[PDB]
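First, one chain by itself in structure tokens, the form deposited in one PDB entry.
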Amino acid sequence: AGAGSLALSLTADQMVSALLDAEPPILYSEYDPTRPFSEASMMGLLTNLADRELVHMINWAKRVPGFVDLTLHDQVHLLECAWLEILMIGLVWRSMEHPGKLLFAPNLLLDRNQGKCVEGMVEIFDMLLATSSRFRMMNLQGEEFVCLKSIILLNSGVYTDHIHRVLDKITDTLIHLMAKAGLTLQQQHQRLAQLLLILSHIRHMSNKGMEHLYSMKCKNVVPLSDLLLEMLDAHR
């Protein structure tokens, strides 16, 4: 259960405030690459960055309204299902104002050709770039981005009722943000659908990403953290 939850009594404005307060820091790469990259040094940077991002993603998840009302069991399942989708929406968000490039970190901005270094990486970079460009075109606002990141967390393991009540509250919040920005009812419903449809592309990139991370594992190119090995195991 999650009956009586504070998360359902929140206003849209209070839900946005809670979500903004929860935000993880923007991480730097603890290493600059020597140019050029190998398969091993690229995957090393991304895997290292991802491992550091996961630690903060865990603290974020706990400050997401409704999340901590779940059993520790269900909390584990949702993060296990969502974590790469969450890293990915973050990447495409930070990359919006960097046309043709992926801002992995302020000191790790790559274009698609540096993607070629690793085998099968270029196709996913292109999908990430396209998603980033779609956000840029739609002028995705910070308040909308934190709502979507929360939907991904709550949504990506629900079939993979309280979770439904919290997702409904997050939908009310997005429409609030859109009403407030001066969008007609018609424009609101159309923007909501457009943002949510992008989540199915983010799910897609996450599933391909995971196939790739499991290829890379088998290859033994780069060591993965225990935490990262558990997350992979969760998706077989």
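The term rigid core refers to the maximal set of C-alpha atoms that superpose within 1.5 Å between the two forms. Note that residue numbering follows the sequence shown and begins at 1.
In what follows, reference is made to the form deposited in another entry, a form of this protein that is not presented.
- Superposition on the rigid core between the shown form and the other one places the CA atom of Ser215 2 Å or more away from its counterpart.
- Here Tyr28 does not count as shifted, since its C-alpha moves by less than 2 Å between the shown form and the other one after the core is aligned.
- With a change of no less than 3 Å, the CA-CA distance between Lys219 and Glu85 is smaller in the other form than in the form shown.
- Between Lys219 and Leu224, the Cα spacing is smaller in the other form than in the shown form, differing by no less than 3 Å.
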